[PDB]
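Form deposited in one PDB entry, single chain, as structure tokens, below.
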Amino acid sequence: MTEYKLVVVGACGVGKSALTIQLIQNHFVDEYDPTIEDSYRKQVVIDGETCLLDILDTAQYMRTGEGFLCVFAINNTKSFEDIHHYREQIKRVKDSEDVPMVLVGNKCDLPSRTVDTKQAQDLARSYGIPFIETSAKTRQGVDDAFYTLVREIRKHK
């Protein structure tokens, strides 16, 4: 079966771990030690295809990543501001401009929003990447974010 190595990056507190655990374990974590960096697997079906996802939740495996989720939180302007740092890291570690990537705006369940959809869509367009709005709490968008990334890897191959 086809394996996809995915890496989740972004500022502390955006929901990288919550997004990962919701995908893998089907539950929402209200707190998750921010120093734990681990890799997590789930065999899933994406568009009818069975595949293995190896997901590195960051906090010697970044460089082997085939696609990256760049996460910010929609009530965390600072995390949005930091996205360019993580995009550039990824370019450098892959030595490429064309790396499969998805911009994820998480915590969409929260009303105290400060990054609007247009802002984020504009950033995504400046990188040529999809933008997906998620909630790790509700599950909105979660599969779509990871599965879109897999679809970007599929195209890239």
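Rigid core (definition): largest C-alpha set, two forms, superposition within 1.5 Å. Note that residue numbering begins at 1 and tracks the sequence as displayed.
Keep in mind that the form deposited in another entry is missing from the display, and what follows is about it.
- Query: Which listed residue (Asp122, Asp98, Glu88, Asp38) has a Cα shift of at least 2 Å between this form and the one not shown, rigid core superposed?
  - Reply: The listed residue whose C-alpha shifts by at least 2 Å is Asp38.
- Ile36 to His27, Cα distance in that other deposited form relative to here: closer or farther, by 3 Å or more? Closer is correct, given that in that other deposited form the C-alpha spacing of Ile36 to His27 is reduced by at least 3 Å.
- Query: Are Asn26 and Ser39 closer or farther apart at the Cα level in that other deposited form than shown, by 3 Å or more?
  - Reply: Note: Cα gap between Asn26 and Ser39 shrinks in that other deposited form.
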